[PDB]
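Read through the structure below, which is laid out as structure tokens, and then see the notes.
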Amino acid sequence: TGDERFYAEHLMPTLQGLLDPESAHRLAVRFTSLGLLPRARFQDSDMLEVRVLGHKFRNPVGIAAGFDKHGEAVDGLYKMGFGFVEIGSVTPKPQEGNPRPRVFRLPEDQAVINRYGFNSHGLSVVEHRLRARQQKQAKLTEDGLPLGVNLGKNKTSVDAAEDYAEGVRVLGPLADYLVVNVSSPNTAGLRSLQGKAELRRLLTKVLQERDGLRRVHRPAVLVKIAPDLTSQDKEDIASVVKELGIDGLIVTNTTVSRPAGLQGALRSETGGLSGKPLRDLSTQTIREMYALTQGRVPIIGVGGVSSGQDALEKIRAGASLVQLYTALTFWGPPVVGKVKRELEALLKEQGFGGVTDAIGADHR
Ligand SMILES: Cc1cc2nc3c(=O)[nH]c(=O)nc-3n(C[C@H](O)[C@H](O)[C@H](O)COP(=O)(O)O)c2cc1C
Ligand SMILES: COC(=O)/C(CN)=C1\SCC(=O)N1c1ccc(Br)cc1
Ligand SMILES: O=C(O)c1cc(=O)[nH]c(=O)[nH]1
């Protein structure tokens, strides 16, 4: 399309030339929340529908956590053509996150590095925001457009599992799925929650809290993992997820690694790296986790998706659904329909009747 070129060649480079990335993000959140978006001309075909996590998803392409941290732009993101929206991470108490600057573009790499540190309006503020559109969301959910809520921990929390439990109690009843984010690289100690003994204790407490919610308000619970895990850590996660009946995995968060070859001047900033250089590390992590779980645990695949091919690679490796964030920085809103159109094309070329038939196809 005309819109795809204009955004990619003119609008987004202009925005980047005028605004630091934090400012640009805030402007984007505001524009999205007001629906000031190009026409999403693409119409989701039936071949893109997926049923997973107790829900229908109109298309498998979602917005990854971090773009709408505080649940301000949900409706605008469905307008953009996402099949599902995930907000957060949300922490129990409000907190400012790290000092500025804390996000960095690597345009030569089609990558970003961030160290926001869980800036968050907190559970109460987000609860009230979601409550104001709760039945609008119920209708969307029924129509195949579900909502996820991603939960974090405050910086000075003295009991991580209690922070997560509080999130389950407060936002659980407003979500179609919850995400226990134990993979931010930007909160000290947080990734150690991925260890076997810590995850089992943490997850058992999360699941108990969830199961105490009334049936119509009881979300699926997913765990979001890092791309930097050891083999032992992956095996341990898979074991715990099976043991406890965790509903799904989100694979992956940003990487603390710096793959060889990065060109951006800002490559050595501290934080998590996203976008193109994370792509195949994330696809590989999906593949491994799918195998370790016997294909029985739904996976949301994320990291470096900016085309239909990238989405199909993750689906074929084991993802039921995919998410993207960093591709918007570079391509803007038209990227969404681009992914979807390309994905539909490739599915037909590869002889799949729909997305569902492609899930895990590389393992067979
Ligand atoms: C600026 C920024 C902020 C993020 N904040 C969060 C977050 O609060 N919670 C979370 O689970 N992931 C967070 N993420 C990670 C993304 O959800 C996603 O896992 C990652 O960026 C890989 O996808 P991408 O390459 O399409 O950006 C963030 C990513 C970026 C770029
Ligand atoms: C001055 O800023 C704009 O014109 C923007 C952007 N943030 C526009 S114009 C139409 C549009 O879609 N956006 C936009 C919205 C979300 C995102 Br993500 C990127 C750009
Ligand atoms: O720093 C953050 O808030 C954030 C960054 C990120 O890359 N991942 C995440 O889970 N949190």
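No value in this document is a laboratory result; all are computed from the given coordinates. Here Cβ is always computed from backbone atoms with ideal geometry, including for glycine, and neighbour counts include all displayed protein chains.
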_Here is a list: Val125, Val168, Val216, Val206. Which entry is part of a helix (DSSP H, G or I), aliphatic (A, V, I, L, M), within 16 Å of ligand 1 (Cβ to nearest atom) and surrounded by fewer than 16 Cβ atoms within 10 Å (Cβ to Cβ)?_
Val125
_Quick test of your reading of the structure: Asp75 fulfils all but one of (1) crowded, with 22+ Cβ neighbours inside 10 Å; (2) within 16 Å of ligand 2 (Cβ to nearest atom); (3) not hydrophobic (A, V, I, L, M, F, W, C). Name the failing condition by number._
(1)
*Collect the residues in region 128-165 that are exposed (fewer than 14 other Cβ atoms within 10 Å of the Cβ), part of a loop (DSSP other than H, G, I, E, B) and not β-branched (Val, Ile, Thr), keeping them in residue-number order.*
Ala132, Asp143, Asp159
*Looking for whichever is in contact with a helix residue (DSSP H, G or I) (Cβ under 6 Å, 6 or more places away or on another chain), touching a residue at least 40 places away in the same chain (Cβ under 8 Å) and either under 18 Å from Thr326 (Cβ atoms) or within 14 Å of ligand 1 (Cβ to nearest atom) (or both) here; the options are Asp109, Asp20. Which one fits?*
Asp109
*Being assigned to a loop (DSSP other than H, G, I, E, B) and surrounded by fewer than 19 Cβ atoms within 10 Å (Cβ to Cβ) is the filter here, so list the residues in region 283-298 that pass it.*
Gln294, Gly295, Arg296
*Just name the residue that is nearest to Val322 (Cα to Cα) out of those in region 23-51 that are within 16 Å of ligand 1 (Cβ to nearest atom) and among the small types (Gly, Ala, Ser).*
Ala28
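When you scan region 269-282, do you find a residue that is touching a residue at least 12 places away in the same chain (Cβ under 8 Å), within 15 Å of the chain's Cα centre (by Cα), over 26 Å from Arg105 (Cα atoms) and part of a strand (DSSP E or B), even just one?
So far as region 269-282 goes, no, none of its residues is touching a residue at least 12 places away in the same chain (Cβ under 8 Å), within 15 Å of the chain's Cα centre (by Cα), over 26 Å from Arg105 (Cα atoms) and part of a strand (DSSP E or B).
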*Single residue of region 13-33 satisfying the filter (over 22 Å from the mean Cα position of the chain (by Cα) and closer than 20 Å to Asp68 by Cα) that is surrounded by the most Cβ atoms within 10 Å (Cβ to Cβ)*: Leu15
_Filtered residue count, region 302-325, keeping only those that are within 16 Å of ligand 3 (Cβ to nearest atom) and not aromatic (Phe, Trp, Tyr)_ = 6
*Any idea how many residues of region 219-257 are in a loop (DSSP other than H, G, I, E, B), among the β-branched types (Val, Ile, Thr) and touching a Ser or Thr at 6+ places or on another chain (Cβ under 7 Å)?*
2
*Given the conditions (1) within 14 Å of ligand 3 (Cβ to nearest atom); (2) in a loop (DSSP other than H, G, I, E, B); (3) charged (D, E, K, R), which single one is not true for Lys93?*
(1)
*Of the residues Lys348, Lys340, which single one is under 25 Å from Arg41 (Cα atoms), surrounded by 24 or more Cβ atoms within 10 Å (Cβ to Cβ) and not hydrophobic (A, V, I, L, M, F, W, C)?*
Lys340
_Segments classed as helices (runs of 4 or more DSSP H), wholly inside region 1-59, with at least 3 members that are closer than 20 Å to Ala345 by Cβ_ = 2-6
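Of the residues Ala260, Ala197, which is free of Cβ contacts under 8 Å to residues at least 12 places away in the same chain, more than 23 Å from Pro92 (Cβ to Cβ) and not in a helix (DSSP H, G or I)?
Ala260
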*Based on what the data block shows, is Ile87 within 13 Å of ligand 1 (Cβ to nearest atom), under 23 Å from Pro13 (Cβ atoms), among the hydrophobic types (A, V, I, L, M, F, W, C) and within 17 Å of the chain's Cα centre (by Cα)?*
no
*State all residues of region 99-118 that are under 21 Å from the mean Cα position of the chain (by Cα) and either more than 13 Å from ligand 3 (Cβ to nearest atom) or part of a loop (DSSP other than H, G, I, E, B) (or both); if no residue qualifies, say none.*
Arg102, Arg105, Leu106, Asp109, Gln110, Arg115, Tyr116, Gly117, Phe118
*Under the condition of being among the charged types (D, E, K, R) and buried (at least 19 other Cβ atoms within 10 Å of the Cβ), which residue from region 80-106 is farthest from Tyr325 (Cα to Cα)?*
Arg102
*Of the conditions (1) more than 16 Å from ligand 3 (Cβ to nearest atom); (2) more than 18 Å from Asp228 (Cα to Cα); (3) touching a residue at least 24 places away in the same chain (Cβ under 8 Å); (4) surrounded by fewer than 24 Cβ atoms within 10 Å (Cβ to Cβ), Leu328 fails just one. Which one is it?*
(1)
*(1) surrounded by fewer than 22 Cβ atoms within 10 Å (Cβ to Cβ); (2) touching a residue at least 12 places away in the same chain (Cβ under 8 Å); (3) in a loop (DSSP other than H, G, I, E, B): which one isn't true of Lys69, the others all being true?*
(1)
